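Note that the protein sequences, when read in sequence, are chains D and L.
Under the entry's author numbering, the residues of the first sequence are numbered 190 to 219, 224 to 238, in order.
Okay, so the second sequence: first residue is 31 according to the entry's author numbering, each after it adds one.
Virtual Cβ for every residue (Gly too), placed ideally from N, Cα, C.
Working notes, beginning with the structure itself.
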Amino acid sequence: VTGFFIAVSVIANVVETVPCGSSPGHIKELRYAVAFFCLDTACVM
Amino acid sequence: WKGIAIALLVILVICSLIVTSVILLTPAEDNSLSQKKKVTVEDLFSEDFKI
């Protein structure tokens, strides 16, 4: 489980700036889910 | 083995449910609505623009 959660933490850090998951890709109407943050927190604790 | 695997996947399912519940409940996402609608010909002949 620790290995799995390290994997999800690192893959989340990788995805953090994916254009679909980041600021670009939505400027005309607005997705940029900030919930990434929460995941980080969980992994850290 | 495979008891280790089933216990592991059960714990992963529980943790995934917890984290997705947090993901659903925590954020706001409520930007309401912005922008004003543009002008169309029906607006001209409405009583609104009568001088």
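Measure the Cβ-Cβ separation of D:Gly-214 and D:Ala-226 and say whether it is below 8 angstroms.
no
| message | Quick test of your reading: D:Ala-196 and L:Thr-56, contact by CB under 8 angstroms. State the CB separation rounded to the nearest angstrom. | response | 23 angstroms between Cβ atoms; not a contact.
Would L:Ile-34 pass as an interface residue toward chain D - the criterion being a Cβ-Cβ separation below 8 angstroms? no
Original post:
Taking only beta-carbon atoms, is L:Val-49 less than 8 angstroms away from chain D?
Top reply: At a cut-off of 8 angstroms between C-beta atoms, L:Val-49 counts as an interface residue with respect to chain D.
- prompt: Considering only the beta carbon of each residue, do D:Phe-193 and L:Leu-42 sit closer than 8 angstroms?
  reply: yes
**Message:** Between which two residues does the alpha helix (DSSP H) holding L:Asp-60 run?
**Reply:** It is not in any alpha helix (DSSP H) - L:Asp-60 carries neither H nor E in the DSSP assignment.
Note to self: Please return the same chain residues whose Cβ sits closer than 8 angstroms to the Cβ of D:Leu-232, not counting the five positions on each side in sequence.
What the structure shows: Result list for D:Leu-232: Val-197, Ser-198, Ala-201, in chain order.
Output yes or no for whether 8 angstroms exceeds the beta carbon distance between L:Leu-38 and D:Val-204. no
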